[PDB]
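Just below is one structure, and these are the notes that go with it.
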Ligand SMILES: *[C@@H]1O[C@H](CO)[C@@H](O[C@@H]2O[C@H](CO)[C@@H](O[C@@H]3O[C@H](CO[C@H]4O[C@H](CO)[C@@H](O)[C@H](O)[C@@H]4O)[C@@H](O)[C@H](O[C@H]4O[C@H](CO)[C@@H](O)[C@H](O)[C@@H]4O)[C@@H]3O)[C@H](O)[C@H]2NC(C)=O)[C@H](O)[C@H]1NC(C)=O
Ligand SMILES: *[C@@H]1O[C@H](CO)[C@@H](O[C@@H]2O[C@H](CO)[C@@H](O[C@@H]3O[C@H](CO[C@H]4O[C@H](CO)[C@@H](O)[C@H](O)[C@@H]4O)[C@@H](O)[C@H](O[C@H]4O[C@H](CO)[C@@H](O)[C@H](O)[C@@H]4O)[C@@H]3O)[C@H](O)[C@H]2NC(C)=O)[C@H](O)[C@H]1NC(C)=O
Ligand SMILES: [Ca+2]
Ligand SMILES: [Zn+2]
Ligand SMILES: [Zn+2]
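Protein chains in written order, with the authors' numbering: chain B, 1 to 30, 42 to 212, 228 to 332, 377 to 556, 568 to 711; chain A, 276 to 332, 377 to 557, 568.
Below is the structure:
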């Protein structure tokens, strides 16, 4: 029907960590530091605006979360009690330009510019219509995730805290079904720039979930063997992206099995997550800045009241190896780029570096390697398993440091004979394997691990070493893993900036490749530039070269995994490929996320496999792909 | 499981002034019923909860069995050994005014050869009534393709193995707290993955194999009484 909401821009002091500075956002009737001045949306219950409704602890600075279903009119009343002017712009629903809330040259009456910018002390009704075409489209979820926000100075209004959730829903908002069994929650992945808010206009970038930083944020509880539905809003006033993982868990956005959850300002998702594991799981942003960290927040699950598989055996070894990214085929020059990065210089390792990597072997002897195929370059062996199959990973460490082999995207991994982790260890992916030793891993592919009838027949995933995620990956430990449903040359591409300055072996390479190992400046910022190899599979600059038969109708499992922090927009110079049931011609990949694009080779030149993000291209990140007939 | 003296024990056998030090090890978060299991539900105050909680700081075979719950006429005494009778024998095994006697119709577990359940694997005299011998060393997996074929909804679940999920999925079909009490219907088939882990197996100090059993659990009492029972060994690696 009709829906009345009373909001009110309230100024508050906020430290991003203590849910107790929320109580000040209540209302009348009648250390340790940091603390910033902010302003938020608070509900009220009267039009007198003397009755607050309490801020739920888990919402943080989020606004009161207005809901209406289709055909409902929404009446909302701002009251600007903040130092500054505010507004109330809705995304997702109909207005009339006086219940809009942004000012521009719209050739409208001066009272149709009261919505546009309300003033301190003042107040303003708004009227939003949920039209018949405002709603779910059937193939969407029962509710759509949107947002109101103050809209007089978008940079300041967002960074000050004026945002809240807004859910247009089908008919049957009120239907009721699973009383807090199926939990909905609002997750506002947002970067509040406390330096670019109405306050002090040298300050800091807060990377928050609902306004909390470091694993604060009470209240994210979920009933055990049931689903939880996240309503997702990204937010910021600069670009920035976030990869949002949940430990032990995959999401379900559209009707796809998302494992990454890829977000940017004003991304609006409804993701579903089935919970089948008691305990605590970390919801966090995987971008290697930890400046993009701080977006961490615990998620407790608790228990509330009321054609026959194959087993794949693998003998993988972490073993060290001279490796060069320009495999003595790249003719150099003397100017720069491919000469600073490659080309053994006086203060430059050049192009040959000591790496460690996963390698296949035929039996437990580890005394004969296996096939190779040089297309899949630095990569470890290719690991496959349809839903229902087990993977037996007999892993020997033949290198110096302790290393590891853990799957990303398999959930049910444990040692082969017992479910009991060893020694003092709390989780296998922390449990290091000392040089010389074997460990036997069992990777069990369940159904919630893989394709959903609506996404590919093979989800592209990686494995790697986790005793030191970042540096082990740098050092060369990475491998493709496919997780299919129920046949090809195979085709795996991995865009990997290999930050050799993190490589455990940089110390060895420094000695074994500079002529001045004695006198080396480890912080010459182009010396370290000389060691970021912007690599496709193994090789920088067109050293990689794919040969596919003309007409060979392919299948490309691509991944962006490496020192990267920016999303890689990625192309095949000549072709289009079939992605998520449509064709595209750019495939965007956030860090640590792989996609499967199905391609048919038919026009027949020699093209260029490359990113799109120019300043990566000019530092190597380029393959070749020649097609011709046969 | 309980570890006592140095043996994996499933129950604690106790009685007036019995004294033990048993230790157990907690891999699954949750709440589990500690309880005395004697058929006489009076024995049924001995029931306490234990909550477990996070705190602070050669190659293993896969065995495949096609098993059917299915009804048959069961004979308790198919061997002509009657005469001896100034001693009870008559009462339990004669027909007339109000004795079924000795041929009761029961339902058993019965091993078949494939998903078709149209042909039976090898029976064997001596184990009569009890379902097929289900072996499994530490590390192995048992695929229990189960098909019903009876006149009540039954089920098959092993006491002995911790890790018994459905095959393929790890999540249970309906508002099902537990695969143990979830029933199987018309002649539906369910496919289970029993995985024998170390903490199910013997302990150096006890035998190569240790003796367990499976049964329908939709109603433990009357199902087992109808005859849904069969043996499960759990053993160690390297007539
Ligand atoms: C959630 O957790 C993360 C990660 O731990 C925190 O991120 C840290 O951010 C702080 C800065 O905000 C850093 O750690 C601390 O930095 C302070 C110094 O850095 C700033 O300090 C002055 C303050 O005037 C600024 O002008 C200057 O430009 C710097 O930016 C210190 O106050 C801290 O104390 C240390 O300083 C000296 C050591 O010589 C001693 O007095 C102390 O012994 C102590 O060591 C500390 O260094 C750092 O950037 C981040 N930490 C890490 C590990 O990366 C978030 O702040 C946190 N969220 C909270 C707290 O809400
Ligand atoms: C823990 O467990 C359960 C709860 O889950 C409870 O068990 C039953 O509790 C009910 C009461 O809530 C009992 O029912 C009544 O018991 C009365 C006491 O007699 C008992 O004591 C003798 C002692 O030898 C037993 O042999 C006997 O069988 C009884 O168990 C009876 O007087 C009641 O009889 C009914 O029928 C007669 C016959 O016509 C009527 O005249 C009566 O008016 C009445 O209607 C009734 O049976 C039940 O017996 C309990 N079960 C058992 C197995 O004991 C526990 O109470 C609970 N709490 C504890 C143990 O503290
Ligand atoms: Ca307007
Ligand atoms: Zn981030
Ligand atoms: Zn008892």
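All C-beta atoms, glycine included, are put in the ideal place defined by N, C-alpha and C.
Within its own chain, the residues whose Cβ lies closer than 6 Å to the Cβ of residue 476 (chain A), once the five positions on either side in sequence are excluded, are 499, 536, listed in chain order.
Excluding sequence positions up to five before and after residue 420 (chain B), its CB lies within less than 6 Å of the CB of 412, 413, 414, all in the same chain and listed in chain order.
In terms of CA proximity to residue 598 (chain B), B:418 leads the group B:13, B:418, B:47. Here the alpha carbon of residue 710 (chain B) sits roughly 8 Å from the alpha carbon of residue 629 (chain B). With 6 Å as the limit, the residues whose C-beta approaches any heavy atom of ligand 5 more closely are A:311, A:313, A:318, A:321, in sequence along the chain.
In the DSSP assignment, residue 201 (chain B) falls within the unbroken beta strand (DSSP E) covering 194-204. In this structure residue 472 (chain A) is in contact with residue 503 (chain A), their Cβ atoms being roughly 6 Å apart against a cut-off of 8 Å.
According to the DSSP assignment, residue 496 (chain A) belongs to no alpha helix (DSSP H), since it is labelled neither H nor E. Taking the CA atoms as reference points, residue 524 (chain A) sits about 21 Å from residue 481 (chain A). In this structure, the alpha-carbon of residue 113 (chain B) lies about 24 Å from that of residue 180 (chain B).
Per the C-alpha coordinates, the member of B:264, B:197, B:541, B:531 positioned closest to residue 295 (chain B) is B:197.
Residues of the region 291-304 of chain A with a Cβ closer than 7 Å to any Cβ of chain B, in chain order: 302, 304. Leaving aside the five residues that flank residue 162 (chain B) on each side, the residues in its chain whose CB is nearer than 7 Å to its CB run, in chain order, 98, 100, 112, 113, 168.
Interface flag for residue 493 (chain B) against chain A is unset, since no Cβ pair is found closer than 8 Å. Listed along chain A are 329, each with a C-beta nearer than 8 Å to that of residue 306 (chain B). For residue 316 (chain B), the Cβ stays outside the 7 Å cut-off from all heavy atoms of ligand 4. Positions of the alpha helix (DSSP H) runs, each at least 4 residues long and wholly inside the region 88-172 of chain B, are given as 165-171 in order along the chain. With the criterion set as a beta carbon lying under 7 Å from some beta carbon of chain A, the members of the region 477-488 of chain B are 482, 486, 487, 488, in sequence order. Within its own chain, the residues whose Cβ lies closer than 6 Å to the Cβ of residue 384 (chain B), once the five positions on either side in sequence are excluded, are 463, listed in chain order.
Under the DSSP assignment, residue 542 (chain A) falls in the alpha helix (DSSP H) whose first and last residues are 539-545. By the criterion of at least three beta-carbon pairs nearer than 8 Å, the region 662-671 of chain B is not in contact with the region 611-629 of chain B. At a beta-carbon threshold of 9 Å, the residues of chain B lying near residue 490 (chain A) are 251, 300, 302, 516, 517, 518, ordered along the chain. With a cut-off of 7 Å, the C-beta of residue 123 (chain B) is classified as near ligand 3, since at least one heavy atom of the ligand falls inside that distance. Pairing residue 693 (chain B) with residue 678 (chain B) gives a Cβ-Cβ distance that is not under 8 Å. Rounded to whole angstroms, residue 282 (chain A) and residue 511 (chain A) show a C-alpha spacing of 28 Å.
With a cutoff of 8 Å on beta-carbon distance, residue 242 (chain B) and residue 427 (chain B) are scored as not near each other. As summarised for the region 47-92 of chain B, the continuous beta strand (DSSP E) elements at least 3 residues long and confined to that stretch are 47-52, 74-80, 84-89, given in chain order.
Interface annotation for the region 453-479 of chain A against chain B: 457, 458, criterion Cβ-Cβ distance under 7 Å. Contact between the region 681-692 of chain B and the region 630-637 of chain B is present: 3 or more CB-CB pairs across the two stretches fall below 8 Å. Not flagged as an interface residue toward chain A: residue 522 (chain B), since no C-beta distance is shorter than 8 Å. DSSP places residue 295 (chain B) outside any alpha helix (DSSP H); the residue lies instead in the beta strand (DSSP E), whose first and last residues are 294-300. Apart from sequence neighbours up to five positions away, the residues of its chain that approach residue 573 (chain B) with a beta-carbon distance below 6 Å are 446, 550, 638, ordered along the chain. Around the beta carbon of residue 170 (chain B), 16 or more other beta carbons sit within 10 angstroms, so the residue counts as buried. With a threshold of 8 Å between beta carbons, residue 381 (chain B) makes contact with chain A. Just so you know, the alpha carbons of residue 379 (chain B) and residue 458 (chain B) end up roughly 5 Å apart. From the listed residues A:494, A:424, A:508, the smallest Cα separation to residue 486 (chain A) is found for A:508.
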